[PDB]
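>>> sharing an experimental structure here, sequence included.
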Amino acid sequence: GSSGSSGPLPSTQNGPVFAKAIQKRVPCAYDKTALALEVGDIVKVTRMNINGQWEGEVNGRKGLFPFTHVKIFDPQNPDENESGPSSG
């Protein structure tokens, strides 16, 4: 079953998934890949692995974080948000 190169993912365009850290996640003393997050942080992930762990960057730190720690929501909603110049 000679295995060779087939080709990278298809030229597509999808939007990133935003998730807020509802819990405090800190990387073990021997965990560099583990991303550290705090209660009330936005983890911008672009590469989501089916396995479970995703690749997101937060505060200049990209690491793998558990999905059972963050909650998927719509942080891009005008709800509960006043609109005005130099106001908020």
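Thanks, I have the structure now. Numbering: from 1, shown residues only.

>>> C-alpha only now, for contacts and for neighbours.
Will do.

>>> buried residues, the strand ranked longest in the chain. List them.
Taking DSSP state E as the criterion, the chain has its longest strand at strand 42-48. Residues 42-45 are the ones in strand 42-48 that count as buried (16 or more other Cα atoms under 10 Å).

>>> quick one: that strand to chain centroid distance?
Centroid separation between strand 42-48 and its chain, computed with Cα atoms, centre = their mean, to the nearest Å, is 2 Å.

>>> that strand pairs with which strands, parallel or anti?
In the sheet, strand 42-48 lines up against strand 17-21 (antiparallel), strand 54-57 (antiparallel) (DSSP bridges).

>>> would you mind extracting the C-alpha trace of it into CSV?
Provided in CSV are the C-alpha atoms of strand 42-48 (Å, rounded to 0.1, in the frame of the first residue of the first chain):
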residue,chain,number,x,y,z
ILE,A,42,-11.1,35.0,25.8
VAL,A,43,-9.2,32.1,24.2
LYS,A,44,-8.9,32.7,20.5
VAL,A,45,-8.5,29.3,18.8
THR,A,46,-7.9,28.8,15.1
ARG,A,47,-6.9,25.2,14.9
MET,A,48,-9.3,22.8,16.5
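
>>> touching that strand from outside, list them.
The contact list for strand 42-48, computed with Cα atoms under 8 Å, 6 or more residues apart in numbering, reads 16-21, 54-58.

>>> which PyMOL command selects the buried ones in those residues?
Paste this into PyMOL to select the buried members of these, with burial taken from 16+ other Cα under 10 Å:
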select buried, resi 18+19+20+21+54+55+56+57
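
>>> as TSV, the contacts of strand 42-48 with distance to residue 80 would be great.
What follows is these, written out as TSV (distance: Cα to Cα, whole Å):
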residue	distance to residue 80
16	23
17	21
18	18
19	18
20	17
21	19
54	29
55	30
56	26
57	26
58	24
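
>>> let me know the helix or strand that the residue nearest to residue 35 when sequence neighbours are not counted is in.
Leaving aside its chain neighbours, residue 35 sits nearest to residue 63 (3.9 Å; criterion: Cα to Cα, 6 or more residues apart in numbering). Under the criterion of DSSP states H and E, residue 63 resides in strand 62-65.
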